[PDB]
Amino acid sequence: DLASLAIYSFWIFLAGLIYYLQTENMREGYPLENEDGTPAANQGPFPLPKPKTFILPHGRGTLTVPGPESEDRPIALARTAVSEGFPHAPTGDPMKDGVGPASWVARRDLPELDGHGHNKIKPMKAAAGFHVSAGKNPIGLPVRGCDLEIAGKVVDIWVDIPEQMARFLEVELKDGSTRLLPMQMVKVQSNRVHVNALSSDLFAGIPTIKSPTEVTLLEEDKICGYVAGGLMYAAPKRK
C-alpha cells in the first residue's frame, strides 16, 4: 500500500543522504595516514568526494578540497611505544615547538579581510570611532599570570570591525614590547585582567606580529595555540 511504499522509499533516500553527508565531511584530513605519514591501507567504506573549488574573495585565489594534505612545518615529537596508538612525546619545549595543546596550523600569513576588503581586526586606536560601550574597560588594567605575578598592562583592545566585538587585549610587557592575548582566555576584573593559562614568565614567549596594526591568520594561530597550551604546560606554575 501507499504508506509501506512511502516509508521504504524514505529509508533508501536516508541511506543515500548519509552517504553524501559522510563524503562531504572527508574534504579535509583524508586520506588517513599511519603515524609515519604514509597512507593507511584501510580507508573505510566511503570514497573521497570529487574536489570542489571555492573562489575566495578580494583576489586571494581559490581552494580545492580534497587536495594535497601537508603540515608545511616540522613536528618535534617522538614515538613512546613500538606499536600504533600510543602518545608522541615532545622532543623539545612543546610551547616553543607548537605541539599538543600548543599546536598551531600554518594558515595563510595574511589578515582576514571584511566584506569591503579592509582588515577585519584593527587596534581600537586605528578604528574610528569604536569605543567600549558597556562592561569594564580593561585598557590600563595590569595583566596577572597564574603564578599570581604581574606580566604587564593592557594598552589597547583589538576589535572585529564588521562583527563589532573585542578579539584580543594588546599587553605591554616589562621591556616595552606588546603581545596579543585572546579575549576568550582572560578574565576582566575590577582592578586587573587575570590569565590562568600562562604564568608571568611565559608572556615574553608569546609569538609576536610582523606589523603593529595588523595580525595575520598564521599569527592568530601561533598566539591562540601558545596561550591554550599553557593550561597543560604552565601547570607547575599555577597556584
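Rigid core here is just the name for the largest C-alpha set that superposes within 1.5 Å across the two forms. Sequential numbering from 1, following the sequence displayed.
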Review point. Which is farther from the shown form in 9 other deposited structures of this protein in C-alpha RMS with the core fitted, 40-48 or 60-68?
Key: 40-48
Exercise for review: Overlaying the structures in 9 other deposited structures of this protein on the rigid core, point out which of 18-26 and 215-223 has the bigger RMS C-alpha shift.
Suggested key: 18-26
Review point. Of 23-31 and 181-189, which one has the bigger average CA B-factor?
Key: 181-189
Point to revise | Stretch with the higher entry mean CA B-factor, where the candidates are 98-106 and 124-132 | key: 124-132
**Study point:** Position of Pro87 among the chain's modelled residues by C-alpha B-factor, lowest, middle or highest third
**Key:** lowest
Check your understanding: What third of the chain, by the recorded C-alpha B-factor, contains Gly61?
Key -> middle
Study note, to complete from the structure: Quick tally, chain-level thirds of C-alpha B-factors: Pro111 sits in the lowest
Study note, to complete from the structure: Quick tally, chain-level thirds of C-alpha B-factors: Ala6 sits in the middle
Review point. Ranked by Cα temperature factor within the chain, is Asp160 in the lowest third, the middle third or the highest third?
Key: lowest
